[PDB]
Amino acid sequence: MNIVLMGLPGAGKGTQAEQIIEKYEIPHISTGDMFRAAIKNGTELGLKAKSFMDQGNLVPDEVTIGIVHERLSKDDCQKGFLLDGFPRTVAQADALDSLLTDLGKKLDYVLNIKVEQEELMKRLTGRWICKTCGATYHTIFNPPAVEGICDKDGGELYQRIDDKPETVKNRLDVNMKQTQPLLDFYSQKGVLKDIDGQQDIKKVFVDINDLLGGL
């Protein structure tokens, strides 16, 4: 199964990805995680992406497309994958469509996780993330068992720099401008499914799982 998670900042993509890969055991491919690993590794590409990410701006398409192309060509992506936060732009969706054709593959579903703006801001304001594994929590909506500690591994929780309200505003601005072009691209392709992301975590997954389980 070849799946795309799309959604505005805060919509619950990573949270749902954790649920999906637990049940289905396809690899989780996140462009955000790939950029963060390039940053940890200190590469030229990583260092160049960092300024965009800190500002809540999209990394330019050319770089992003090249890293996804390389990742998805690996042997572990040939029996299914979960793409999370790619494509974010019609140019990226165009390129992925070519890339997939060259691999003899196509998308099963693009899951558009829908959430109201106010809720998106409430979610990003209360978010804490494990520095080790990247699991995400929310002070109100999904707290860790003990404050400041990841439930899975005992890791330290941190606040992402781009979660500051002024940066969140820029992220929603920049990403909303891309939503309707992306929806139009995939509505045509017959793969788009809207998911009500504004429910309890496990109940959003009920809806996603209904789709995935039928594949």
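We number the residues from 1 along the sequence you see.
- Higher average CA B factor: 187-195, of the stretches 187-195 and 11-19.
- Between the stretches 127-135 and 103-111, it is 103-111 that shows the larger average CA temperature factor.
- The top Cα temperature factor in the record, among 150, 45, 29, 65, falls on 45.
- When the C-alpha B-factors of 53, 38, 157, 168 are ranked from the entry, the top spot goes to 38.
- Placement of the Cα temperature factor of residue 200 within the chain: lowest third of the modelled residues, per the deposited record.
- When all modelled residues of the chain are sorted by CA temperature factor, residue 73 is found within the middle third.
- When the modelled residues of the chain are ordered by their C-alpha B factor, residue 143 lands in the lowest third.
- When the modelled residues of the chain are ordered by C-alpha B-factor, residue 87 sits in the middle third.
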